[PDB]
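Summary of structural features
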Amino acid sequence: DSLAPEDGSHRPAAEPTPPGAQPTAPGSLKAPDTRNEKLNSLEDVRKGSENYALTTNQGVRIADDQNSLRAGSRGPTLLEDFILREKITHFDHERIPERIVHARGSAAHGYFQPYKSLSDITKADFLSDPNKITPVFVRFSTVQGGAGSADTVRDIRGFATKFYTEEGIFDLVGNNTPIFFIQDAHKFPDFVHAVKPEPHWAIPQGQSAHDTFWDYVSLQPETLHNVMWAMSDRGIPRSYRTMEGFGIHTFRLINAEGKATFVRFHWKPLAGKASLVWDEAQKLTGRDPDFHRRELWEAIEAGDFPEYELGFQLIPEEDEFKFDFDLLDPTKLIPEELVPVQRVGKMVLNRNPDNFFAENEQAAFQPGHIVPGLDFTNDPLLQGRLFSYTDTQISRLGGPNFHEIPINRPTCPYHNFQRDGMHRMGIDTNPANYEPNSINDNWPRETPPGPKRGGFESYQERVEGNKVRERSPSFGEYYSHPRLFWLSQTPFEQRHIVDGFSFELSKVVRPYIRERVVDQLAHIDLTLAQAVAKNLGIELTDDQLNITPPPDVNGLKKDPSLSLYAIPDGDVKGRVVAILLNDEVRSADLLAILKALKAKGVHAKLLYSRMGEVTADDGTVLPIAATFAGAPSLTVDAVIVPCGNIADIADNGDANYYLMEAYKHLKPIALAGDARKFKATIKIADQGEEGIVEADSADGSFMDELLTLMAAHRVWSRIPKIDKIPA
Amino acid sequence: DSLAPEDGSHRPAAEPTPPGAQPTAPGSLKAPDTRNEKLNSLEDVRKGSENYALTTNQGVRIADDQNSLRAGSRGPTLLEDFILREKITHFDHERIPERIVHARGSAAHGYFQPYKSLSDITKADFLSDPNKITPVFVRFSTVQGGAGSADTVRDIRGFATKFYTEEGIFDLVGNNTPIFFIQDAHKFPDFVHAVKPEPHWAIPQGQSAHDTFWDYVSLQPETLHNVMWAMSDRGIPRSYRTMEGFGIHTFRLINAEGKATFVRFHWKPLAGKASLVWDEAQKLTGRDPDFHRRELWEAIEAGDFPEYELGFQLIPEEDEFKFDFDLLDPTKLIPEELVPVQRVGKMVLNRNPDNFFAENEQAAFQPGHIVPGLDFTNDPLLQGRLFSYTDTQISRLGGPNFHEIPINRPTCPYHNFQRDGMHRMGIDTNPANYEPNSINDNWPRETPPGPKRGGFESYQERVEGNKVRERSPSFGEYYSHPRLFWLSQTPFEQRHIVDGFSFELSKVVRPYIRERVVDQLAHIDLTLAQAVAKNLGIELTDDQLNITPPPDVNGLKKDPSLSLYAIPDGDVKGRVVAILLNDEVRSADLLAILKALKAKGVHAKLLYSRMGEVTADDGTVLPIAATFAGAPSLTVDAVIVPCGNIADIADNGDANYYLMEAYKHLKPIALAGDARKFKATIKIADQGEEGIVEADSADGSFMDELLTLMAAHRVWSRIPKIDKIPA
Amino acid sequence: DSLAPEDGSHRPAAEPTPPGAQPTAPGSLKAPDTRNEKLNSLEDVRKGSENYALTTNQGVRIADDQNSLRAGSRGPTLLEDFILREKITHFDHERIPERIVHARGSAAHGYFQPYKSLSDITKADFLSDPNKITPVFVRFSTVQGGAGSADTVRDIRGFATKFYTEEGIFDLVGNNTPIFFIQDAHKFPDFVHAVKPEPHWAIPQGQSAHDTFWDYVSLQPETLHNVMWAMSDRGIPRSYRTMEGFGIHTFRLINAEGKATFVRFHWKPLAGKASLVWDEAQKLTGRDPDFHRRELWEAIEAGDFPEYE
Amino acid sequence: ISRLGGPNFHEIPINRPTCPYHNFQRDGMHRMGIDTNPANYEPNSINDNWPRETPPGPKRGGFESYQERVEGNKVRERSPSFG
Ligand code: HEM
Ligand code: HEM
Ligand code: HEM
């Protein structure tokens, strides 16, 4: 060997580069100077490779790693080949059970800092000073599919954050919608079995579009609120960077005085909210099933660090019963019009892992991992989650020492009398393994609860009632939140919701199930019920037309913070544009394009009908990132076609389809000079249309107009015209 | 609170102290300055305790570790109690499967050094320089019993040594007898199932005295040689310090020129060879089932470091076929009169572990863990062993990363393309996980074999023959090695062997099995078979009386290295003497006794009818180690009774029995002044008797005579007189 | 070949015999006519052996079970020997973790029957009718020692009964003294760590006679009551047949009208109460460490069925 | 052994032979079969050596490997014929 090319092009540069410019790499090679306390303490288990000899695991150097030991060179393999056996054995035991739910996910390292001290409301140490930085490890995920399933499915997304604080690990384990599907953890296996692949044949993967899900939903109207979010474009985010996160349950903040405040946790995406459209999402599960995982990783390698603002909705203990819903009911959201989100800090994700399995796959988060200054509530869904994550981690990660797996280790001290268990790493020197003891002078010792650095003491909440298996009558209301959700959506968001339900219910084979779901929609909103019914060829009865809509939520008839798009929050930095090249590109158009993209932090992908390079009109050699078919429009946010020799691609089927697909999917399109010939493939008026940028050259205002469209994400006014396009 | 006594007597002194003087403790607290390269590298996972707060595994401080969280102080325990749940969950999962064989064992840290370079015969780096120190971890064990079974059972002993070399771990996994019971690995489960507790009722523990063992033995005469070692006093060693160790198999040494030399490995105990007698051993399993584990640990805390000399039996490739037996047959020993053991180096065990479970229980040794400079042979029992150990470790230690458990880790570099698996600690940064690769320039890389630091390449032995399941005809001889062993024993050794078989066969319920074993003994030696038959009320037939004895082994009719005692090798340092106190001890006797014992490194334990203290004749306050019943004569090597007020213990039942038990078990006894009144208890002549030290006071020659008896270990001439003794 | 002696003296007679008269044997060979519903349902998974060929686990008959496959009779073992590999692999994976506590234990099958209907105080179906028999499986044990430790140590004894009822399994998991050492489950690991072998050297086995235990007891006076039982001759029973058993906790009986009655469960030994003396017990741990296991099995083989009220 | 939790994966219903299987292997995680054989080893006299070995033969015989001739040195080497 000397396999590497002599020019060094096998190794990516250790500096921020745009998506697709270099091969991606382990975080610690790609960005060796990005550090935080967690990332520095993982340094003891990191292994290098360059300049080392290949060995067995026992440190024996290997001479020939190409062959098994045999009796004669065409003979039988011998049992004494301990090198083969160790290598095959390790390979044979590589896999561990995937997570029962949220098996599919993507993770990154980062840090958090508060905006100011929150000691008036919580004694939680990570929130006590704006200069105190807490390292974090975040894992984003889907819910239903296996570890090998696709990213852009329609589903809820998980959003889990491990805070490595100085007084313990705090895991904030949330999703991307503000409520869950069910109220009591006793029904979690029933709900999850219903949405997962059906048990006789294990179909379908990553989809709720099947009979058992809609059967369960039709029989359990508590589910309807999260089902509404899942059927909206919230179920198909553009990126884990452009979705919100929520803890869902009401928890408690506890201050040094012992006062409890009810809280609901929020993550606000600083890149803004943005989702795909169903056809694009579903096709993308086939063109690039790793699309979210890839775009997260590459955004970090490019310096487009995912940033989220931590927000709290705070409710005084005395206001527990002032809403028309139960605050402990996880199928109910707290409208931001009633209880605003107070901004409290920012988290930045600025480094990828080194080994996906070691750090992402083995990561273990628990909602029960809280610290002094925080506490639980009686939310019956949250209460059952406190049992389940520790239990599931004993078999997923092989034993009770999963806190010793490097990614999961606290960065603060931990000492106790727990001993042994499978794969015990820590070697205890304590003469005692029990307390109280005199032989080690009772160390390690308990610590009284206090303002800081004190022991954990539960908030002394009053408990009164009988031992009962019973749902609180306050939780038996199921249509007002789904209604408030529906009425807060724009007209196109409502349409997407109708089309989500219609598509999904079309795949339910038993027709009575679709009719039972349509009946439930009629108790939410009649316009929604009717439009779904019409796509299913179902007719509402007399009685269904007279169902009285549920009441407003505390007087609210809408809450624009529930919409993805009603209030503009577009950010173009980190988005990507496809540029369709020709064999003689007008280089003046390219410079103007590339310069304007660069100024907003927008990336470009130069596409052509083959790989290699093409030469512009001034001799600039342009390297091609991908072909038209290899990097479809689904993977980009907008498409620009510069002038040059358009005859080269004017009859290219793939080139024409690229624009028809982008057009169908409502993406901004910009055509310079003779690129305007492509207006006939997308049947666009001679005079132009909103959403289509066109001019003689890709000049001054042409780029500003494209970038304005991109900031608004998609061209929703084109919806009525895409119906006709065969694409 | 306040638990430690204010005088600090809860903590043992950090310096060498005699057995029983202080509470024993973790190695790193007891002897913090004893270091070696492996002990230093374990420092990264060692945990402290003093001055730390008590936490959960996630680093959250605990305020109340005495109570569960409940609804009211007499209410039901709440599911939200995460502190209770982690603590009980870790406890609930403490246990891991015990080793299938050798589950019971005791271990210690130490170091090895060769006497001179062995470069001429092996390129093994640990043996290339007398100044090169190799850290070791050694585990001694029994074979049959579980991890909770007793130490002083009659069984074979394991003696496994892990060498942390600069070119890889080398495990030398041997036993305390030079042969094994069976020839081919395929019968290992059969042999082990036969010796282990019987399957219907799981009895008996720690014993071969039962029908299935002797049934297998009587049908598989290959077992007879190791059975003779086990029935001898070799099966009941006095200590892991006073037994020999052997690799058993013939292995190969490979030098830099590629020459192979056959080698059999040996460990010589520098404390000498010494065993118990059956009655003592059996009773000791009940009075102190942890006797060997305790004795080892305390010898190391006292500075009596177990020391062993590594020795090689070397045989040139050309002499492979020159013996009467096959060198690859593991039921055959290589007589030291034909092939002397050449001294190679010294191993010293000088520090105990910190945590038995983490370092002892999880330690994993494999005979397949060899390094360049060593190689295997076709011994068919060893060949099968190469498969078994890695296999068993995937379940016992939970996955294929058992090399990352701290005690098992190489101290030299290890790098390769193995990834994942349960409990993966190492975080790999190599962009490649395969070779050949270009993206990491093919690192880590293969290394050609060579004189030092080269890759492992198997010795190119010629193989020729058909694929067969067939025992070599050269292995078909079963009685000459058993006969050589027998004839090399002293007369009292022979009697102990007769009694071992007689005792064991008396526990076999089916009489025909005892008859068939007796018939096999008659093919070894008629004197042995007749004496066993007579103890079993069996009469040999006329053809059994005419079976021709097997031939001598290469002309030898005996080899004194096979006896424990024929060639004196006694060493008193680290032995212990019981001193039976009275309530007015003559202090002049005690000073003479204790100073003489101290000069030879012999320990003492001051015994009485109660605990606390007694006052000598001159006011000296004497602290009592144990009562007569609490520390029986079984635990000591000799007994001394000083003068004083003998009428205080003259009629104590326990005091008298102490002497009868030590007298029956052939230990030296010394009686000073009026203590000679006890001569009537042990019916000893007025004139005295060899083995009994007696005088007017414990003064000049008294102690030298007692120490001479101790140097010879036991008073074998007393055997004919102990048969009368009711004790 | 091989055989069994021609006189058939290798096989125990299938009828009640006294301790030591014959080799002991699996129950369904020793007492083929003893049945109950549980014992009969286990017949689907019972395996015989006589008259069957030796095979791999995949049903392939084995021709030579004495040798590995090698290249020449003195050659190296070949990787293709799948018979050897399955055989050693099964053997290598025999062991499972022992119980964290109560690892040392001896068990037997049997049956339970109430004297009269308890329908006035409980709706439990196994106690509703004096002619309704409930199969049981009982496991008796020590607490501290491993599964290979000794039987006649000084310790508490566990007495666990599995009732196979018509409305579900009821497990009555008790001990041989009416109280436990500690009050709250949160201290269990603390107490058990203190009585168990000390963590630096893993000594001593099957004994509370050591510093950590007595340190814990001296700092936690709530332990004293069970300590008193443990130090009496209740800590060294003569047999599992001659000790009491107790559920320890207060549980509840619920009748068909919904009334709750507090209840504490007891087992009375119909063989009477009897214990060893310390010296005898401690010596017996060395002369016969399987004494309670052996004497229970042999009592059942002899027709001296352990009976408890 | 790790995918299916132990050495008794032949007892999982789908994997079970439909023909007889008897041998001296015992124990292992999740052991379903309850063995009544007084012996768990061979050779044994206590169960008259059952279950027993069967010689190879034309039908219903024990497995015996074909006696191919092996000749060469112990090498880690690719056959030149494969290149
Ligand atoms: C508000 C409702 C819930 C939310 C927001 C939620 C969120 C999550 C997230 C984000 C993950 C993946 C964490 C990771 O990335 O590793 C997860 C995993 C999991 N969840 Fe929850 N969950 C909810 C309800 C429940 C309930 C009610 C249960 C059972 C009672 C449950 C059991 C589990 C389990 C067993 C896992 C796998 C954990 C592992 O293997 O480490 N979840 N959940
Ligand atoms: C000369 C013959 C043998 C010797 C000297 C020997 C020695 C030993 C020793 C000393 C140990 C315990 C290591 C420790 O303290 O952890 C051990 C364990 C073991 N032996 Fe061997 N043994 C022999 C034959 C065999 C054979 C033929 C097999 C199976 C083919 C076998 C399978 C095992 C297994 C499975 C373990 C447990 C290992 C673990 O769990 O790490 N042994 N043996
Ligand atoms: C009155 C108090 C208790 C009694 C009478 C009792 C009794 C027993 C008995 C008889 C067994 C062995 C069952 C068998 O033969 O398989 C056992 C096992 C066990 N006990 Fe308890 N115990 C008590 C308290 C506790 C507590 C407080 C805990 C933990 C909170 C606990 C945890 C365990 C565990 C983990 C096992 C092993 C079970 C298994 O592996 O199947 N015990 N106990």
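Residues numbered from 1 in each chain as written, not as in the entry; some residues may be left out. Chains lettered and ligands numbered in written order. Part of a larger assembly, values for the part shown. Heavy atoms only, no water.

Per the deposited record, the coordinates in this entry were obtained by X-ray crystallography to a resolution of 2.2 Å.

**Describing the side chain of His415(A)**
Our working rule: A helix here means a DSSP run of H or I that spans at least four residues, while a strand means a run of E at least two residues long, and both kinds are numbered starting from the N terminus. Burial classes: relative accessible area under 20% of the type maximum marks a residue as buried, over 50% as exposed, and values in between as partly exposed (1.4 Å probe, protein chains only). When checking whether two residues touch, look at their non-hydrogen atoms; a contact exists if any pair is within 4.5 Å.
Here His415(A) lies in the loop between helix 10 (380-396) and strand 13 (427-428). A residue is classified by how much of its surface remains accessible, and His415(A), at 10% relative accessible area, is buried. The contact partners of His415(A), leaving out residues within four places of it in the chain, are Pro444(A), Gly48(B), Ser49(B), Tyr52(B), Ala53(B), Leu54(B) and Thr55(B).

**Some details on the environment of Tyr52(C)**
Inspection of the secondary structure assignment puts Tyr52(C) in the loop between strand 1 (46-47) and strand 2 (69-71). Between the C-alpha atoms of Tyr52(C) and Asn226(C), which are 174 residues apart in sequence, the distance is 53 Å. In contact with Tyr52(C), other than residues within four places in its own chain, are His22(D), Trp50(D), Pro51(D) and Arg52(D).

**Some remarks on the site of ligand 3**
We count it as follows: For this description, a residue counts as near a given molecule or strand if any of its non-hydrogen atoms is within 4 Å of it. Here a polar contact is recorded for every N or O atom pair within 3.5 Å, except that within protein the pair must consist of a potential hydrogen donor and a potential acceptor, and residues adjacent in sequence are included only if both atoms are side-chain atoms. Just so you know the grouping, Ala, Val, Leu, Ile, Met, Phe, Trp, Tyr, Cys and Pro go in nonpolar, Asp, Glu, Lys and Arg go in charged, and all remaining residues, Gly too, go in polar.
Every one of the 16 residues lining ligand 3 counts as a neighbour, but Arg99(C), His102(C), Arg139(C), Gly174(C) and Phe188(C) are closest to it. Proximal residues around ligand 3 fall on chains B and C, making this an inter-chain site. Between an oxygen atom of ligand 3 and a side-chain N or O atom of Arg99(C), the distance comes to 2.9 Å. In the environment of ligand 3, an oxygen atom lies 2.9 Å from a nitrogen or oxygen atom belonging to the side chain of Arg139(C). Secondary-structure elements contributing two or more residues to the shell around ligand 3 are strand 5 (158-165) and strand 6 (168-175) of chain C. Looking at the shell around ligand 3, its residues break down into eight nonpolar, five polar and three charged.

**Let's talk about the interface of chain A and chain B**
We apply this condition: Throughout, buried area stands for the accessible area (probe radius 1.4 Å) lost by two parts on being put together, summed over both. Any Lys or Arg side-chain nitrogen found within 4 Å of a carboxyl oxygen on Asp or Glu counts as a salt bridge.
Facing the 127 residues of chain A at the interface are 126 residues of chain B. Summing the contributions of chain A and of chain B, the shared interface buries around 11300 Å²; its carbon and sulfur component is 57%. Of all residues in chain A, the largest losses of buried area upon contact with chain B belong to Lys47(A), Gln58(A) and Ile427(A), amounting jointly to 8% of the total for that side. Summed over the shared surface of chain A and chain B, the number is one salt bridge.

**A look at the relation of the copies chain A and chain B**
To keep things clear, this is the line we draw: Just so you know, the copies are superposed with least squares on the C-alpha atoms alone.
When chain A is fitted to chain B, the best match, at an RMSD of 0.1 Å, comes from turning it 180 degrees and sliding it 0.0 Å along the axis. Such a combination of turn and shift is consistent with a two-fold rotation axis. Interface overlap between copies is the fraction of interface residues in one copy that are interface residues in the other; for chain A against chain B it reaches 99%, indicating a shared surface.

**Here we look at a negative patch on the surface**
For clarity, the cut-off: The patches reported here contain residues having more than 30% relative accessible area and no salt bridge. Joining distances are 9 Å for like charges and 5 Å for nonpolar side chains (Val, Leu, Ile, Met, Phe, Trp, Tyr). Surface exposure here means Shrake-Rupley accessible area, sampled with a 1.4 Å probe, where a residue is shielded only by the protein chains that are shown. Positive charge is attributed to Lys and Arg, negative charge to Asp and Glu, and no charge count is given to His or to the chain ends. The atoms used to mark charge sites are NZ of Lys, CZ of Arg, CG of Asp and CD of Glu.
There is a patch of like negative charges on the surface, built from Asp583(A), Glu584(A), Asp617(A) and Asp618(A). Following the sequence through the fold, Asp583(A) ends up in the loop between strand 14 (576-580) and helix 16 (587-600).

**So, the coordination of the iron atom of ligand 2**
Short version of the rule: Metal-coordinating donors are taken as N, O and S atoms lying within 2.8 Å of the metal, or within 3.2 Å when the metal is Na, K or Ca; because water is left out, some sites can appear incomplete.
From the protein, the iron atom of ligand 2 takes a single donor atom, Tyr389(B) (OH), 2.0 Å away. Examined against the element boundaries, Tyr389(B) turns out to sit in helix 10 (residues 380-396).

**Observations concerning the site of ligand 2**
As a reminder, the rule being used: Grid spacing is 1 Å over the protein atoms alone, the probe is 1.4 Å, and a cavity is where that probe fits but cannot get out, while a pocket is an open set with protein on both sides within 12 Å along at least five of seven lines and lining residues have an atom within 4 Å of a point. Any molecule with more than half of its atoms within 2 Å of a cavity's or pocket's grid points is counted as sitting in it.
Of all residues adjacent to ligand 2, which total 23 residues, the nearest are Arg99(B), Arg139(B), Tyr389(B), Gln393(B) and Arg396(B). Near ligand 2, residues from chains B and C are present, making the site a shared one. Between an oxygen atom of ligand 2 and a side-chain N or O atom of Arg99(B), the distance comes to 2.7 Å. One nitrogen or oxygen atom from the side chain of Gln393(B) is found 2.7 Å from an oxygen atom belonging to ligand 2. With respect to the detected pockets, ligand 2 is housed in the largest cavity. Looking at the shell around ligand 2, the elements that each hand over two or more residues are strand 4 (158-165), strand 5 (168-175) and helix 10 of chain B. Considered class by class, the residues forming the shell around ligand 2 number nine nonpolar, nine polar and five charged.

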